[PDB]
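**Q** Sequence order for the protein chains is A and B. Mapped onto PDB author numbering, the consecutive letters of the first sequence carry residue numbers -23 to -13, 0 to 314. Just so we're aligned, residue 1 is where the second sequence starts under PDB author numbering, counting upward by one. Note that CB positions come from ideal geometry on N, CA and C, so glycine has one too.
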Amino acid sequence: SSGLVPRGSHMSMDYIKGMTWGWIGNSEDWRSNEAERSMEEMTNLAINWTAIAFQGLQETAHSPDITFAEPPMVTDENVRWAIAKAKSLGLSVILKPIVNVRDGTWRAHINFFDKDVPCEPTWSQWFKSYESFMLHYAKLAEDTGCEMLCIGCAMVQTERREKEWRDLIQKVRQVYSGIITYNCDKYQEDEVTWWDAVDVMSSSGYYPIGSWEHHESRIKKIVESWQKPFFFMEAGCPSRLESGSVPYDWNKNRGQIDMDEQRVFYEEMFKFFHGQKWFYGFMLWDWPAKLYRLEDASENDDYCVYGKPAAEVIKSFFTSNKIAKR
Amino acid sequence: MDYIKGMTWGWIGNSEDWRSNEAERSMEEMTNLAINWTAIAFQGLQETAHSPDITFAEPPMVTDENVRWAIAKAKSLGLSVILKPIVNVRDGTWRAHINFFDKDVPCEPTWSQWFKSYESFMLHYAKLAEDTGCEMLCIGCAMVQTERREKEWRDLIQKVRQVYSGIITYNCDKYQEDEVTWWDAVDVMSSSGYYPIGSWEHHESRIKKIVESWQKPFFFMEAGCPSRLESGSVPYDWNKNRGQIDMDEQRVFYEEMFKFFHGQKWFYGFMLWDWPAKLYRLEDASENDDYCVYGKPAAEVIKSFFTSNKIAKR
């Protein structure tokens, strides 16, 4: 394994100044002329990384089959395009294949019985399907020279399957030679028992306004106990009334615009998580393939910071000397 | 502990159905199976497998009066009663997937929230069970992804013991007899015997070892098979081959089950699945695809088994 620095062959670890691009991963959106303009515009955040994020799908939280690279999901060609375009813009890339559930159930609920029973689908079946999905993209990440692969995102009810996760990572190592991360959910940084199996620890930093100092203290101790580099694989807040109290809640107060609430979230997050030597930055959430007009920004309720005060907080943080030296 | 010769009545628990004139006739007809027990079964509801609020005794679910009626009617027919309140999920998800994060997080509902709601639900019915003199209370049914929450199940059982003085059972799912670490907390172990045709001999040997290791009484809280093509291969699959009628398949299931599970001293019988409040006409029996054995060859297997001397001796 390795400690604070991934082994040289997989590359100190780079400080991540990033923005997530492409969610939810719709072929028609990625293939549009608008996609190229969106990605170009995103570079004005002064980012040096992007997470190319897109979905795979399973019917229910308890079904074993995962479908990917089928309409309306992204084609391998769309993926190669996004990676290459990002690189052409001078960005390092984190490939982020994410399994969603067709019935709308949050992926964190994906789960099977601890004990295999004849009358139900098993962990073995699901992990075989998830391995097919993640190895497909791991091979794509290798072929396209992606600097990092995120092998999962907030798969809370799967994390206890340590043997299966280690087995999957071993297979990933065989086809992908870059940096591996797993993105645990918010509040779960101390719950993953197999952090030693990945190069870099990562979590979703959707911590509420007024809690960042507390979370810095908590996370710092967890990271120090693992001796691994750590960064936020997701961090953001919608521009809506009271969203800073629940930054992860994408359904909170839809259409109730509050630019200032998003701005305050970003100022507090960067106040407590900045240039500490154990911390390796931010993959922000998020930026769409089809971006709204700058003139509609003041009435937009999304996580996107484009044309909003938060974008300026991000830009000044990512161009500031303390962060630019990292 | 009594040897249980039973049939489940009332599922899914619809007030309108239970208050119909048909309900009394259905229960009376059920006594011709030569049963000495019934499980009065009915649902409560939660929105999703991951929501903490359970609703009960609200339309279209059974009223307390409906429940008091079912219990009293069964007892007036000479039957002992197992009260069986069952939580279902409105979105259709099987209750066995009801589940919360092992770690409490501020952004999600918690086990304590769900258990508090489950406690209100179960204690309401426990009190009703005490007031109506139910001989047994079943405190849950195939709640697989809750069973690891041992402290919370034992806390719930402690509260139930404070308001209900009868026999307590927990109905684990099929194949889960050896997966419950808290069988000591209940009076009698029970499971859902939906074992396929050709497997009963193996299951008798498997279950005997489990029950003997615990040194507690055991019975099937559910067992049955739809009268459908190939249903005996997957007796628990209520969605299998709807409308493809096979009376013989159901008959064979029953004959095999009774051949392997009968009068063993550690075995306490069967609570069969199931019998509706609104029973179909005897003339429609041959085209009926339900678990119900009414007007089918299986009913005859059950009757001869329950009235046989070997089982009459238990």
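Near residue 113 of chain A, which residues of its chain fall below 6 Å by C-beta distance, leaving aside the five closest residues on each side in sequence?
**A** Here the set comprises 52.
**Q** Is there contact between the segment 146 to 156 of chain A and the segment 205 to 216 of chain A, where contact requires at least three CB pairs shorter than 8 Å?
**A** Short answer: they don't touch.
**Q** Rounded to the nearest angstrom, what separates residue 207 of chain A and residue 110 of chain B at their Cα positions?
**A** Distance between the alpha carbons of residue 207 of chain A and residue 110 of chain B is about 22 Å.
**Q** Go ahead and label residue 162 of chain B buried or exposed: buried means 16 or more other beta carbons lie within 10 angstroms of its beta carbon, across all protein chains shown.
**A** Classification for residue 162 of chain B: exposed.
**Q** Listed from N- to C-terminal order along the chain, which residues in the segment 135 to 149 of chain B have their beta-carbon within a distance smaller than 8 Å of any beta-carbon of chain A?
**A** Under the 8 Å Cβ criterion, the segment 135 to 149 of chain B contributes 144, 145, 148.
**Q** Given that a residue counts as buried once 16 or more other Cβ atoms are within 10 Å of its Cβ, and exposed if not, what is residue 43 of chain B?
**A** Counting Cβ neighbours within 10 Å, residue 43 of chain B comes out buried, since at least 16 surround it.
**Q** Per DSSP, residue 55 of chain A forms a beta bridge with which residues?
**A** Residue 55 of chain A is bridged to A:45.
**Q** If the cut-off is 9 Å on Cβ atoms, which residues from the segment 237 to 265 of chain A count as contacting chain B, listed in chain order?
**A** Those residues of the segment 237 to 265 of chain A that come within reach of chain B (Cβ to Cβ, closer than 9 Å) are 237.
**Q** Buried or exposed: which applies to residue 145 of chain B, given that a residue is buried once 16 or more other Cβ atoms fall within 10 Å of its Cβ?
**A** Under this definition residue 145 of chain B is a buried residue.
**Q** Under the three-state reduction of DSSP, which class applies to residue 6 of chain B: helix, strand or coil?
**A** Strand.
**Q** Just to confirm, are residue 254 of chain A and residue 107 of chain B a CB contact at a threshold of 8 Å?
**A** Against a cut-off of 8 Å, the Cβ pair of residue 107 of chain B and residue 254 of chain A comes out as no contact.
**Q** If you check the beta carbons only, do residue 62 of chain B and residue 15 of chain B fall under 8 Å apart?
**A** Closer than 8 Å, so yes.
**Q** Consider the Cβ of residue 175 of chain B: report whether some Cβ of chain A lies at a distance smaller than 8 Å.
**A** Residue 175 of chain B counts as touching chain A.
**Q** Between residue 261 of chain B and residue 136 of chain B, what straight-line distance do the alpha-carbon atoms span, to the nearest angstrom?
**A** Their backbone Cα atoms lie some 22 Å apart in a straight line.
**Q** State the DSSP-derived secondary structure class of residue 39 of chain B, mapped to helix, strand or coil.
**A** Three-state DSSP puts residue 39 of chain B in a strand.
**Q** Under a three-way DSSP split, which group does residue 1 of chain A fall into?
**A** Three-state DSSP puts residue 1 of chain A in coil, outside helix and strand.
**Q** With distances taken from CA atoms, which of A:160, A:13, A:2 is nearest residue 120 of chain A?
**A** Per the Cα distances, A:160.
**Q** Quick one: what's residue 228 of chain B bridged to in DSSP?
**A** DSSP output for residue 228 of chain B lists B:245 as bridge partner(s).
**Q** Can you give me the C-alpha to C-alpha distance between residue 127 of chain A and residue 7 of chain A, rounded to a whole angstrom?
**A** The alpha-carbon atoms of residue 127 of chain A and residue 7 of chain A are separated by roughly 23 Å.
**Q** So who's on the other strand from residue 18 of chain B, going by DSSP bridges?
**A** Looking at the DSSP assignment, residue 18 of chain B forms no beta bridge with any residue, so it has no partner.
**Q** Under 8 Å between C-beta atoms, does residue -12 of chain A make it to chain B?
**A** Any question about the placement of residue -12 of chain A has no answer from these coordinates, since chain A jumps from -13 to 0.
**Q** Along chain A, in chain order, which residues have C-beta atoms closer than 9 Å to that of residue 109 of chain B?
**A** Chain A residues near residue 109 of chain B: none, gap ~11 Å exceeds 9 Å.
**Q** If contact means a Cβ-Cβ distance below 8 Å, which residues of the segment 293 to 314 of chain B contact chain A?
**A** So nothing in the stretch comes that close.
**Q** Could you tell me which residues DSSP pairs with residue 81 of chain A in its beta bridges?
**A** Beta-bridge pairing links residue 81 of chain A to A:38.
**Q** At the level of alpha carbons, what is the spacing between residue 117 of chain B and residue 1 of chain B?
**A** Using only the alpha carbons, I get a separation of about 31 Å.
**Q** Would you call the segment 26 to 38 of chain B and the segment 267 to 277 of chain B in contact, with 3 or more CB pairs under 8 Å?
**A** Segments in contact, yes.
**Q** For the segment 208 to 225 of chain B, which residues have a CB atom closer than 8 Å to at least one CB atom of chain A, in sequence order?
**A** Of all residues in the segment 208 to 225 of chain B, none has a Cβ within less than 8 Å of some Cβ in chain A.
**Q** Of the residues B:97, B:122, B:41, which one's Cα is nearest the Cα of residue 55 of chain B?
**A** Minimum Cα distance to residue 55 of chain B is reached at B:122.
**Q** Would residue 106 of chain A pass as an interface residue toward chain B - the criterion being a Cβ-Cβ separation below 8 Å?
**A** It does: the Cβ of residue 106 of chain A has a partner Cβ on chain B nearer than 8 Å.
**Q** Could you pull the start and end residues of the alpha helix (DSSP H) that residue 131 of chain B belongs to?
**A** Looking at the DSSP string, the run of the alpha helix (DSSP H) that includes residue 131 of chain B is 111 to 132.
**Q** Which class does residue 284 of chain B belong to by DSSP, given the choice of helix, strand or coil?
**A** DSSP places residue 284 of chain B in helix when its eight states are reduced to three.
**Q** In the DSSP assignment, the beta strand (DSSP E) including residue 191 of chain A goes from what residue to what residue?
**A** Residues 188 to 192.
**Q** How far does the beta strand (DSSP E) with residue 273 of chain B in it reach, from first residue to last?
**A** Counting along the chain, the beta strand (DSSP E) containing residue 273 of chain B begins and ends at 267 to 275.
**Q** Taking residue 31 of chain A as the reference, give the member of A:218, A:259, A:99, A:77 with the closest Cα.
**A** When only C-alpha atoms are compared, the closest one is A:77.
**Q** List, in order along the chain, the chain A residues whose C-beta lies closer than 7 Å to that of residue 179 of chain B?
**A** Correct list: 103.
**Q** Counting only C-beta atoms, is residue 124 of chain B closer than 8 Å to chain A at any point?
**A** It does not: the Cβ of residue 124 of chain B has no partner Cβ on chain A nearer than 8 Å.
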